[PDB]
Structures are given as C-alpha cells and as structure tokens.
Amino acid sequence: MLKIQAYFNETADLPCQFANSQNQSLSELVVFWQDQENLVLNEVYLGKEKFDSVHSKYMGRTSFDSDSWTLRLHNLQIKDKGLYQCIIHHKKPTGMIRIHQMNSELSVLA
Amino acid sequence: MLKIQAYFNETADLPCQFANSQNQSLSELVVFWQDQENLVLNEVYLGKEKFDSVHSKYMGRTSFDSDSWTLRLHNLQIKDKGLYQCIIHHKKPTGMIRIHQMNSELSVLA
Amino acid sequence: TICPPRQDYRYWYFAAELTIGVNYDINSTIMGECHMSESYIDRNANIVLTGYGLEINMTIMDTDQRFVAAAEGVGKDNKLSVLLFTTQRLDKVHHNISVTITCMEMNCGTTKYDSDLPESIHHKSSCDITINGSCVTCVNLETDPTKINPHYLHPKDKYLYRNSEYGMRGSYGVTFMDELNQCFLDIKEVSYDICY
Amino acid sequence: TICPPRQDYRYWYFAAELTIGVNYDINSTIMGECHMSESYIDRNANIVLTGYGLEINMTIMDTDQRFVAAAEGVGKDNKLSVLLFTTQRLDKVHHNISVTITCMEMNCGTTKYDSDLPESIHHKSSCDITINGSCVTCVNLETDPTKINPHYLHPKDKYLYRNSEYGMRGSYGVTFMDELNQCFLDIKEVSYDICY
Ligand SMILES: *[C@@H]1O[C@H](CO)[C@@H](O)[C@H](O)[C@H]1NC(C)=O
Ligand SMILES: *[C@@H]1O[C@H](CO)[C@@H](O)[C@H](O)[C@H]1NC(C)=O
Ligand SMILES: *[C@@H]1O[C@H](CO)[C@@H](O)[C@H](O)[C@H]1NC(C)=O
Ligand SMILES: *[C@@H]1O[C@H](CO)[C@@H](O)[C@H](O)[C@H]1NC(C)=O
C-alpha cells in the first residue's frame with residue numbers, strides 16, 4: 001500500500017512504519033529488509049548492524065536511521081525496480097515471532 | 001396481433017397499447033422498443049430519453065410521444081421489414097418486473 | 001377430455017420453457033447433472049428439478065397436465081435454460097404458476113424476493129416467484145411457447161407437439177441487473193441433455 | 001449470503017496456505033500419504049490432516065467456511081507445504097486461527113511451544129500455535145493468499161478462486177533457527193498430490 005517513485009538515478013528511502021504499541025527497544029528486536037529475490041539488504045541484530053549475508057552489490061550502499069526506522073539506499077538503477085519487505089522479528093528466549101511486515105514497491109524512469 | 005403496412009418508404013408508427021390499470025407515471029416505469037435481432041431502438045429511463053445503446057442506424061430516426069405512448073420511425077427501407085417489441089418494466093426498489101409486452105410486425109412494398 | 005391417463009412413461013409430449021441467469025460460473029453441460037421429481041397427486045402439477053447449482057420448484061394450479069419430462073442446458077454468459085414437457089392440453093384457462101429457485105452452491109441464503117409477476121401480455125394469469133439466495137440476475141418464463149421447443153427433434157420414439165396459437169402464450173419476467181431483456185437465445189452451443 | 005450449503009462434495013474452491021520446516025528427512029511426495037478429516041459442526045471450521053511425519057490440526061473461529069479439500073507437497077531442504085481449500089468467503093472479519101503441529105515420527109515429545117502470533121501486518125487477527133515434539137524449525141501461515149495457489153490449474157471439474165485484495169491477506173510466522181524468512185517457494189519440484 002506504499003508505492004515510491006524516484007527520479008532517474010535518484011536516492012531512495014524505504015520505511016516500514018512500525019507502530020510499536022508495546023514501546024519495545026531495538027536491542028530486543030531484529031529487522032530484515034529484503035528484495036523480491038529474497039536476497040537480504042541489511043540487518044540490525046539486537047541493535048548492532050550485521051553484514052554477514054548482504055550481497056556485494058548492496059554492501060555499503062544502504063544506511064540505517066534509529067529514530068525514523070528507514071533504510072536509505074543510494075545509486076538507483078533502471079533494473080532495481082521491484083518489491084521490498086521489512087520483516088521484523090522479536091527475539092524471545094524460545095524463538096522469533098514475526099510481529100511486522102510491510103511491502104513496498106519502487107520504480108525508475110524509463 | 002397488430003400488423004402495420006406502409007407504402008414504399010413511408011413513415012411508421014409503433015404503438016403498444018398499455019392499459020395502465022393502476023394509473024402509473026412514466027417516472028416510475030421504463031420502456032424499451034426492440035427489433036427482431038434484439039438490438040434496441042429507444043429507451044425512456046425514468047421518463048428521460050436515453051441513447052446509450054441505440055445502434056447508429058436508429059439514432060435520431062425515432063421519436064417518442066407522451067400521451068400516445070407511440071414510437072414514430074422515419075426512413076423506411078425494404079430490408080427493415082420484421083417484428084418489433086414494446087417491453088415495459090416497473091422499476092421497484094427490489095427489481096424490475098415486466099408488466100407489458102406487445103408484438104408488432106411491419107412490411108414494405110416489394 | 002375429462003381425464004389424463006396416469007401412465008408410467010409418456011410417448012406424447014408438449015412444451016413450456018424458462019431461463020435463469022445466474023452470476024456464479026457455469027461452463028458447459030455435464031451430461032447427467034439434472035435430476036427431477038414430478039407429482040400430480042394433489043390436483044396441482046409439480047416438478048422439482050435439481051441441477052447445476054440451484055433447485056427449481058415449479059407448480060401449476062388447476063392444470064389437468066403432468067410434467068412428462070424436462071431438459072436443461074447452459075449457454076453463453078452464465079445462463080441456464082430449462083425446457084419442460086407436459087402431457088397434453090385439454091383446455092384454455094391460463095393457469096397460475098408458482099416457482100421457487102433455491103441456490104444450493106456458491107451463494108446460499110434466505111429469501112430475497114417474494115413478489116408476484118403480473119404478466120399483462122394478456123393480463124389473465126399471475127406467477128409467484130420466490131428466490132432463496134443471491135445466485136440470480138434474470139428470470140424468464142415462457143408458457144405455451146411458439147418457438148422451436150424440440151431439442152434434436154425428436155427423441156427416438158416419442159412424439160412432440162407445440163402450441164401455434166399466439167393467444168395462449170404468456171411471458172413472465174423479473175430482472176435485477178440493467179436491461180437484460182431476452183435473457184438468452186435457444187439455438188446455440190446449448191447441448192440440452194435430458195433431465196434425468 | 002447467510003448460509004453455507006452443507007453439501008457432499010464441492011465444485012467451488014478457495015485458498016489458504018502454510019508451510020512447516022522440519023529437521024528430519026523427507027525426500028519427495030509419495031502420492032497417497034496425506035489423509036484429512038474435516039468438520040464444521042460446532043460453528044468453527046476444523047481440519048486435521050496427517051501426513052509425512054506430523055499431524056496438523058487447524059481451526060478457524062467464527063468462520064462461515066468449511067474446508068473443502070487440501071493438498072500437500074515436499075520441496076527442497078526438508079519443507080512441507082500444505083494448501084487448504086475452503087468453500088467461499090461471505091464476509092471480511094479477519095478470523096482467529098488455532099494450529100497444533102504434533103510430531104508422530106522421529107522426534108516425538110510433549111509440548112514445546114504454546115504462545116500466540118500477533119500478526120501486526122494489519123494487527124487484527126491472532127493465531128495460537130501449539131507444537132508437540134521437536135520436529136519443527138520453521139512455521140509460516142499465509143491466510144487469504146494472493147500467489148498462484150492452484151496446483152495444476154485446475155482439477156478436471158472443480159472451479160477455483162483466489163483472493164486479489166491486499167487488505168485481507170495475513171502472515172503468521174515463527175522460527176527457531178536463524179533468519180529462515182520466506183521458508184520456501186511454491187513453483188518447484190513440488191508435486192502437490194491431493195490430500196486424501
Ligand atoms: C415445492 O414447492 C411447494 C410449494 O411451492 C412446497 O410445498 C414443496 O414442499 C416444494 N418441494 C420441495 C422439494 O421443497
Ligand atoms: C413419427 O412421424 C412423425 C412425422 O412423420 C415424426 O415427426 C416423428 O419423429 C416420428 N416418430 C417416430 C418414433 O418415428
Ligand atoms: C484438534 O484441535 C482441537 C483444539 O485445538 C481439539 O479439540 C481436537 O481434539 C483436535 N483434534 C484431534 C484429532 O486431536
Ligand atoms: C471452466 O472455465 C474456466 C474459464 O473458461 C476454466 O478456468 C475452468 O478450468 C473450466 N472448468 C471446467 C471444468 O471446464
């Protein structure tokens with residue numbers, strides 16, 4: 001329900017609008033942003049960024065913001081149009097339960 | 001039961017003799033006149049003439065009269081001989097019920 | 001003239017037709033879908049035939065006729081045409097009719113229509129229609145038809161008759177969508193498998 | 001709209017899917033392994049289907065739907081995908097769901113998980129998951145899917161519908177291993193033999 005359009009080779013922002021009804025902290029939650037091929041983009045494991053699986057193409061090009069919960073991606077391409085997802089997990093002692101998911105779509109001038 | 005004969009390329013009149021036992025108004029009733037191929041000729045939706053489906057050949061050629069409930073058709077042709085029907089519908093909130101139908105036939109000199 | 005025979009199976013047929021326009025999806029005839037039950041015992045003719053997704057329950061009051069057989073087919077744009085073959089006509093009195101269409105698949109529900117159709121084509125007979133469900137967009141009933149009722153004129157042994165006097169045909173109709181008059185035409189890919 | 005028909009076998013289908021990621025070994029579909037039992041009597045829909053090594057017991061509260069059928073297949077990396085076909089949708093209310101996965105071969109045990117999944121994708125419905133045993137590594141449940149649910153679109157006679165409104169889909173998930181999101185993808189060597 002959130003479509004983003006960007007001018008040619010412009011910068012892109014992917015938010016996923018977590019309500020946070022319980023007022024939890026980033027240290028008890030993990031966040032994944034993934035593309036339509038399921039390859040990961042970025043990860044905040046217990047609050048510290050991890051880059052153990054980001055594909056080289058996405059390495060470094062992405063940045064995170066704490067208060068805004070938004071992923072800032074640079075260097076757009078015509079072939080980078082597609083869908084992206086913000087899968088949020090709550091890391092309880094027993095397991096991880098998915099407590100948020102928000103689909104977004106981005107396209108480029110052609 | 002009503003056959004109409006007209007001289008070569010003469011004008012034609014199609015009535016359908018609605019008894020109107022309940023003494024209703026044209027605003028609560030709709031009327032269609034159709035040919036033997038099921039293509040519509042004219043339509044009085046809630047009393048206002050509508051021309052959203054009349055085939056171009058019949059556009060403008062037909063005229064309506066209120067008191068007489070008769071359709072006046074101009075520009076007869078040898079190939080326009082056939083059957084015609086006067087379907088009257090009563091547009092209640094629930095739906096439309098057909099409360100009159102009259103078949104007529106017209107032929108031209110040959 | 002007074003009596004009908006009350007036989008097992010009739011070699012002599014007649015006609016009366018109707019068509020139901022439903023919104024859920026029907027592709028083609030299934031060759032064995034229909035199943036009908038007929039009765040006359042009460043002095044009133046009756047036939048309940050269950051088919052593609054709805055059961056049609058038709059009854060004629062003061063009839064002197066009994067439904068010999070029926071046929072059912074599906075055409076274009078989700079229409080369902082049922083022909084009904086009655087024994088033989090002894091008199092011209094323009095009977096009343098009662099038809100209930102109950103949706104048994106994909107739109108079940110309680111009653112949504114309980115009015116009567118005036119039929120002022122001659123203004124002598126009235127039909128009462130009751131629809132259970134929401135699987136109806138058009139209903140047309142032609143009594144004493146003059147069209148070519150016979151499907152594959154004619155079955156191997158039976159003989160079939162059809163009215164040819166305009167003064168006896170009647171048309172009852174009710175539509176909920178917009179201007180669907182002449183809800184369907186007979187001679188098409190209609191297969192018309194016998195209703196049993 | 002009020003009622004469902006309560007028929008024998010349904011020509012009209014729908015969809016809702018889920019996938020269980022188990023650690024013991026499964027190679028390929030066996031063509032006749034699954035066996036399912038359905039019920040509606042209590043006002044709540046229910047389906048218990050026993051398959052490759054676990055029985056899945058799913059229940060929908062205040063449903064107006066009944067599970068017509070199901071299908072089950074096995075993919076790559078020991079995943080088990082079960083599609084569930086329900087009759088038809090009468091309303092949009094976002095029912096709750098209760099699913100219990102009981103391991104019946106190679107890792108039996110007593111209860112190891114009894115929490116509830118919030119599903120804040122819209123944050124209207126909650127699913128309660130109970131797992132007996134240790135033969136689970138991922139659980140995903142997609143309600144009102146928009147993907148291509150139909151396996152071999154479509155079985156010989158049945159008709160199948162699938163939701164196309166994003167506002168109604170829901171996703172419930174729980175994982176014990178590390179970052180197994182999107183636990184499996186549909187169109188693969190998945191055979192999808194009918195579940196009966
Ligand atoms: C058919 O309708 C009549 C009245 O219209 C009713 O008495 C009868 O029970 C109906 N038949 C069935 C099988 O429901
Ligand atoms: C009987 O003859 C009539 C006309 O010759 C024909 O319409 C009908 O099909 C025949 N029936 C049989 C059983 O031969
Ligand atoms: C399925 O689960 C329900 C409650 O979740 C339970 O009452 C029922 O007995 C279970 N069915 C079986 C076959 O165990
Ligand atoms: C019915 O037709 C639809 C579309 O034409 C098709 O998707 C479906 O498979 C058909 N079903 C049968 C039994 O022919």
# chains A, B, ... in the order shown; residues from 1 in each chain; ligands from 1

call {"tool": "residues_around", "arguments": {"residues": "residue 45 (chain C)", "least_positions_apart": "5", "cutoff": "7 Å", "atoms": "only C-alpha atoms", "output": "ChimeraX atom specification"}}
result
/C:39-40,59-61,63,65-66

call {"tool": "closest_atom_pairs", "arguments": {"of": "chain A", "to": "chain D", "cutoff": "12 Å", "atoms": "only C-alpha atoms", "output": "Markdown table"}}
result
| residue | atom | partner | partner_atom | distance |
| --- | --- | --- | --- | --- |
| A:1 | CA | D:166 | CA | 8.1 |
| A:2 | CA | D:166 | CA | 11.7 |
| A:16 | CA | D:121 | CA | 10.5 |
| A:17 | CA | D:121 | CA | 10.6 |
| A:18 | CA | D:120 | CA | 8.9 |
| A:19 | CA | D:120 | CA | 8.9 |
| A:20 | CA | D:120 | CA | 9.7 |
| A:21 | CA | D:120 | CA | 10.0 |
| A:22 | CA | D:118 | CA | 11.9 |
| A:30 | CA | D:179 | CA | 9.8 |
| A:31 | CA | D:179 | CA | 10.1 |
| A:32 | CA | D:179 | CA | 8.7 |
| A:33 | CA | D:181 | CA | 10.8 |
| A:34 | CA | D:181 | CA | 9.6 |
| A:35 | CA | D:182 | CA | 11.5 |
| A:36 | CA | D:182 | CA | 10.8 |
| A:37 | CA | D:182 | CA | 10.3 |
| A:38 | CA | D:182 | CA | 7.5 |
| A:39 | CA | D:181 | CA | 10.4 |
| A:40 | CA | D:179 | CA | 9.9 |
| A:43 | CA | D:179 | CA | 10.1 |
| A:44 | CA | D:179 | CA | 11.9 |
| A:45 | CA | D:179 | CA | 10.6 |
| A:52 | CA | D:179 | CA | 11.7 |
| A:53 | CA | D:179 | CA | 10.5 |
| A:85 | CA | D:181 | CA | 10.9 |
| A:86 | CA | D:121 | CA | 10.5 |
| A:87 | CA | D:181 | CA | 8.1 |
| A:88 | CA | D:120 | CA | 10.0 |
| A:89 | CA | D:174 | CA | 8.8 |
| A:90 | CA | D:174 | CA | 9.7 |
| A:91 | CA | D:176 | CA | 9.5 |
| A:92 | CA | D:176 | CA | 9.8 |
| A:93 | CA | D:176 | CA | 9.7 |
| A:94 | CA | D:176 | CA | 7.3 |
| A:95 | CA | D:176 | CA | 4.7 |
| A:96 | CA | D:175 | CA | 5.4 |
| A:97 | CA | D:174 | CA | 4.5 |
| A:98 | CA | D:173 | CA | 5.4 |
| A:99 | CA | D:120 | CA | 5.4 |
| A:100 | CA | D:120 | CA | 5.1 |
| A:101 | CA | D:121 | CA | 5.3 |
| A:102 | CA | D:121 | CA | 6.7 |
| A:103 | CA | D:121 | CA | 9.5 |

call {"tool": "write_last_selection", "arguments": {"atoms": "C-alpha atoms", "output": "PDB file, in the first residue's frame"}}
result
ATOM      1  CA  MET A   1       0.000   0.000   0.000  1.00  0.00           C
ATOM      2  CA  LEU A   2       3.097   2.217  -0.236  1.00  0.00           C
ATOM      3  CA  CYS A  16       8.102   0.302   7.182  1.00  0.00           C
ATOM      4  CA  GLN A  17       6.115   2.228   9.802  1.00  0.00           C
ATOM      5  CA  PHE A  18       6.282   0.053  12.899  1.00  0.00           C
ATOM      6  CA  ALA A  19       3.568   1.204  15.300  1.00  0.00           C
ATOM      7  CA  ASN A  20       5.365  -0.213  18.364  1.00  0.00           C
ATOM      8  CA  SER A  21       2.288  -0.485  20.564  1.00  0.00           C
ATOM      9  CA  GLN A  22       4.324  -2.088  23.375  1.00  0.00           C
ATOM     10  CA  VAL A  30      15.767  -7.714  14.693  1.00  0.00           C
ATOM     11  CA  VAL A  31      14.921  -6.204  11.309  1.00  0.00           C
ATOM     12  CA  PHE A  32      15.487  -7.562   7.799  1.00  0.00           C
ATOM     13  CA  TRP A  33      14.959  -5.657   4.558  1.00  0.00           C
ATOM     14  CA  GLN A  34      14.774  -7.953   1.548  1.00  0.00           C
ATOM     15  CA  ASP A  35      14.255  -7.652  -2.195  1.00  0.00           C
ATOM     16  CA  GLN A  36      11.960  -9.651  -4.466  1.00  0.00           C
ATOM     17  CA  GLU A  37      14.579 -12.376  -4.990  1.00  0.00           C
ATOM     18  CA  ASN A  38      14.810 -12.936  -1.193  1.00  0.00           C
ATOM     19  CA  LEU A  39      18.436 -11.722  -1.018  1.00  0.00           C
ATOM     20  CA  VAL A  40      18.945  -9.680   2.141  1.00  0.00           C
ATOM     21  CA  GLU A  43      20.176  -6.421   9.293  1.00  0.00           C
ATOM     22  CA  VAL A  44      20.194  -4.969  12.799  1.00  0.00           C
ATOM     23  CA  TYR A  45      20.925  -7.918  15.082  1.00  0.00           C
ATOM     24  CA  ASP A  52      27.314 -11.296   7.061  1.00  0.00           C
ATOM     25  CA  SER A  53      24.920 -12.007   4.168  1.00  0.00           C
ATOM     26  CA  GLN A  85       9.901  -6.081   2.501  1.00  0.00           C
ATOM     27  CA  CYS A  86      10.553  -5.087   6.129  1.00  0.00           C
ATOM     28  CA  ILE A  87      10.338  -8.299   8.156  1.00  0.00           C
ATOM     29  CA  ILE A  88      10.630  -7.591  11.890  1.00  0.00           C
ATOM     30  CA  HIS A  89      11.212 -10.371  14.428  1.00  0.00           C
ATOM     31  CA  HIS A  90      11.027 -10.372  18.231  1.00  0.00           C
ATOM     32  CA  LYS A  91      13.870 -12.498  19.631  1.00  0.00           C
ATOM     33  CA  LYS A  92      12.342 -14.164  22.666  1.00  0.00           C
ATOM     34  CA  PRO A  93      14.295 -16.854  24.544  1.00  0.00           C
ATOM     35  CA  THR A  94      12.183 -19.586  22.933  1.00  0.00           C
ATOM     36  CA  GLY A  95      12.005 -18.372  19.333  1.00  0.00           C
ATOM     37  CA  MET A  96      11.427 -15.488  16.956  1.00  0.00           C
ATOM     38  CA  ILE A  97       7.843 -14.420  16.186  1.00  0.00           C
ATOM     39  CA  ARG A  98       7.146 -12.144  13.224  1.00  0.00           C
ATOM     40  CA  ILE A  99       5.444  -9.008  14.552  1.00  0.00           C
ATOM     41  CA  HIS A 100       5.605  -6.780  11.478  1.00  0.00           C
ATOM     42  CA  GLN A 101       5.836  -6.965   7.697  1.00  0.00           C
ATOM     43  CA  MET A 102       5.324  -4.145   5.195  1.00  0.00           C
ATOM     44  CA  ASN A 103       5.585  -4.492   1.431  1.00  0.00           C
TER      45      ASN A 103
END

call {"tool": "residues_around", "arguments": {"residues": "residue 185 (chain C)", "least_positions_apart": "6", "cutoff": "12 Å", "atoms": "only C-alpha atoms", "output": "mmCIF file with C-alpha atoms, in the first residue's frame"}}
result
data_model
loop_
_atom_site.group_PDB
_atom_site.id
_atom_site.type_symbol
_atom_site.label_atom_id
_atom_site.label_comp_id
_atom_site.auth_asym_id
_atom_site.auth_seq_id
_atom_site.Cartn_x
_atom_site.Cartn_y
_atom_site.Cartn_z
ATOM 1 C CA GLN B 36 -36.074 -8.972 -34.223
ATOM 2 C CA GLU B 37 -32.294 -9.151 -33.732
ATOM 3 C CA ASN B 38 -32.672 -7.870 -30.123
ATOM 4 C CA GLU C 17 -39.791 -23.138 -21.125
ATOM 5 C CA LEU C 18 -37.819 -20.889 -18.796
ATOM 6 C CA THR C 19 -34.337 -19.457 -18.284
ATOM 7 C CA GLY C 73 -28.714 -26.744 -20.881
ATOM 8 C CA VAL C 74 -26.191 -23.964 -20.409
ATOM 9 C CA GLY C 75 -25.315 -21.284 -22.922
ATOM 10 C CA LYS C 76 -23.212 -18.131 -23.007
ATOM 11 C CA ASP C 77 -22.759 -15.653 -20.155
ATOM 12 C CA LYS C 79 -27.464 -18.727 -18.342
ATOM 13 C CA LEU C 80 -29.410 -21.889 -17.549
ATOM 14 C CA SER C 81 -32.314 -22.832 -19.816
ATOM 15 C CA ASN C 140 -37.756 -15.513 -17.666
ATOM 16 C CA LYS C 147 -40.531 -21.196 -30.759
ATOM 17 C CA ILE C 148 -38.791 -24.467 -31.682
ATOM 18 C CA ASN C 149 -39.003 -26.154 -28.306
#

call {"tool": "interface_residues", "arguments": {"of": "chain D", "to": "chain C", "cutoff": "12 Å", "atoms": "only C-alpha atoms", "output": "list in words"}}
result
residues 1, 2, 3, 4, 5, 6, 7, 8, 9, 10, 11, 12, 13, 14, 64, 65, 86, 87, 88, 89, 90, 157, 158, 159, 160 and 161 of chain D

call {"tool": "atom_distance", "arguments": {"atom1": "CA of residue 48 (chain A)", "atom2": "CA of residue 65 (chain A)"}}
result
11.9 Å

call {"tool": "select_by_dssp", "arguments": {"residues": "region 36-152 of chain D", "states": "strand (DSSP E or B)", "output": "MDAnalysis selection string"}}
result
chainID D and resid 36:39 45:50 54:60 67:74 79:86 97:103 111:113 116:117 127:132 138:143

call {"tool": "write_last_selection", "arguments": {"atoms": "C-alpha atoms", "output": "PDB file, in the first residue's frame"}}
result
ATOM      1  CA  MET D  36      -7.542 -35.495   6.196  1.00  0.00           C
ATOM      2  CA  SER D  37     -10.705 -35.147   8.256  1.00  0.00           C
ATOM      3  CA  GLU D  38     -12.845 -32.007   8.198  1.00  0.00           C
ATOM      4  CA  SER D  39     -15.613 -30.693  10.427  1.00  0.00           C
ATOM      5  CA  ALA D  45     -14.187 -24.843  10.936  1.00  0.00           C
ATOM      6  CA  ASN D  46     -11.627 -27.554  11.578  1.00  0.00           C
ATOM      7  CA  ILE D  47      -9.300 -29.824   9.628  1.00  0.00           C
ATOM      8  CA  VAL D  48      -6.844 -32.413  10.939  1.00  0.00           C
ATOM      9  CA  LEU D  49      -4.582 -33.804   8.231  1.00  0.00           C
ATOM     10  CA  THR D  50      -1.957 -36.448   8.950  1.00  0.00           C
ATOM     11  CA  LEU D  54       3.301 -34.925  11.638  1.00  0.00           C
ATOM     12  CA  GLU D  55      -0.397 -34.223  12.074  1.00  0.00           C
ATOM     13  CA  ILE D  56      -1.588 -30.649  11.525  1.00  0.00           C
ATOM     14  CA  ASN D  57      -4.776 -29.614  13.326  1.00  0.00           C
ATOM     15  CA  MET D  58      -6.138 -26.269  12.113  1.00  0.00           C
ATOM     16  CA  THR D  59      -9.251 -24.480  13.342  1.00  0.00           C
ATOM     17  CA  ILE D  60     -10.964 -21.219  12.390  1.00  0.00           C
ATOM     18  CA  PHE D  67     -12.507 -26.903   4.426  1.00  0.00           C
ATOM     19  CA  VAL D  68     -13.432 -28.433   1.089  1.00  0.00           C
ATOM     20  CA  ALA D  69     -10.074 -30.067   0.405  1.00  0.00           C
ATOM     21  CA  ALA D  70      -6.324 -29.781   0.804  1.00  0.00           C
ATOM     22  CA  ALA D  71      -3.063 -30.619  -0.934  1.00  0.00           C
ATOM     23  CA  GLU D  72       0.408 -31.350   0.404  1.00  0.00           C
ATOM     24  CA  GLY D  73       3.876 -31.435  -1.108  1.00  0.00           C
ATOM     25  CA  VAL D  74       7.553 -31.532  -0.221  1.00  0.00           C
ATOM     26  CA  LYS D  79       9.986 -28.338   3.927  1.00  0.00           C
ATOM     27  CA  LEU D  80       6.343 -29.408   3.887  1.00  0.00           C
ATOM     28  CA  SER D  81       3.817 -27.130   2.186  1.00  0.00           C
ATOM     29  CA  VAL D  82       0.097 -27.687   2.767  1.00  0.00           C
ATOM     30  CA  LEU D  83      -2.513 -25.791   0.758  1.00  0.00           C
ATOM     31  CA  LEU D  84      -6.056 -25.673   2.155  1.00  0.00           C
ATOM     32  CA  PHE D  85      -9.145 -25.066   0.008  1.00  0.00           C
ATOM     33  CA  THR D  86     -12.207 -23.661   1.786  1.00  0.00           C
ATOM     34  CA  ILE D  97      -6.873 -19.361  13.976  1.00  0.00           C
ATOM     35  CA  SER D  98      -5.575 -22.220  16.116  1.00  0.00           C
ATOM     36  CA  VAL D  99      -2.994 -24.663  14.756  1.00  0.00           C
ATOM     37  CA  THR D 100      -1.339 -27.585  16.533  1.00  0.00           C
ATOM     38  CA  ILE D 101       1.533 -29.497  14.919  1.00  0.00           C
ATOM     39  CA  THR D 102       2.176 -32.875  16.530  1.00  0.00           C
ATOM     40  CA  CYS D 103       5.276 -34.871  15.591  1.00  0.00           C
ATOM     41  CA  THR D 111       4.571 -29.599  24.302  1.00  0.00           C
ATOM     42  CA  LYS D 112       7.461 -27.267  23.498  1.00  0.00           C
ATOM     43  CA  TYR D 113       5.625 -24.079  22.446  1.00  0.00           C
ATOM     44  CA  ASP D 116       0.412 -16.742  20.139  1.00  0.00           C
ATOM     45  CA  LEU D 117       1.486 -14.961  16.968  1.00  0.00           C
ATOM     46  CA  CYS D 127      -3.114 -17.321  15.730  1.00  0.00           C
ATOM     47  CA  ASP D 128      -2.342 -19.714  18.587  1.00  0.00           C
ATOM     48  CA  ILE D 129       0.313 -22.308  17.733  1.00  0.00           C
ATOM     49  CA  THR D 130       0.961 -25.422  19.807  1.00  0.00           C
ATOM     50  CA  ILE D 131       3.813 -27.745  18.833  1.00  0.00           C
ATOM     51  CA  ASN D 132       4.198 -31.228  20.280  1.00  0.00           C
ATOM     52  CA  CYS D 138      10.017 -23.004  10.793  1.00  0.00           C
ATOM     53  CA  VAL D 139       6.274 -22.355  10.667  1.00  0.00           C
ATOM     54  CA  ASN D 140       4.631 -19.979   8.187  1.00  0.00           C
ATOM     55  CA  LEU D 141       0.902 -19.461   7.618  1.00  0.00           C
ATOM     56  CA  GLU D 142      -0.443 -17.251   4.825  1.00  0.00           C
ATOM     57  CA  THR D 143      -4.180 -16.569   5.105  1.00  0.00           C
TER      58      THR D 143
END

call {"tool": "closest_residue", "arguments": {"among": "D:168, D:44, D:21, D:94", "to": "ligand 3", "atoms": "only C-alpha atoms and all ligand atoms"}}
result
D:44

call {"tool": "residues_around", "arguments": {"residues": "residue 62 (chain A)", "least_positions_apart": "3", "cutoff": "9 Å", "atoms": "only C-alpha atoms", "output": "count of residues only"}}
result
8

call {"tool": "residues_around", "arguments": {"residues": "residue 3 (chain A)", "least_positions_apart": "5", "cutoff": "12 Å", "atoms": "only C-alpha atoms", "output": "count of residues only"}}
result
16

call {"tool": "select_by_dssp", "arguments": {"residues": "region 44-104 of chain A", "states": "helix (DSSP H, G or I)", "output": "NGL selection string"}}
result
:A and (56-58 or 78-80)

call {"tool": "closest_residue", "arguments": {"among": "C:78, C:96, C:62, C:32", "to": "ligand 4", "atoms": "only C-alpha atoms and all ligand atoms"}}
result
C:78

call {"tool": "atom_distance", "arguments": {"atom1": "CA of residue 125 (chain C)", "atom2": "CA of residue 95 (chain C)"}}
result
6.1 Å
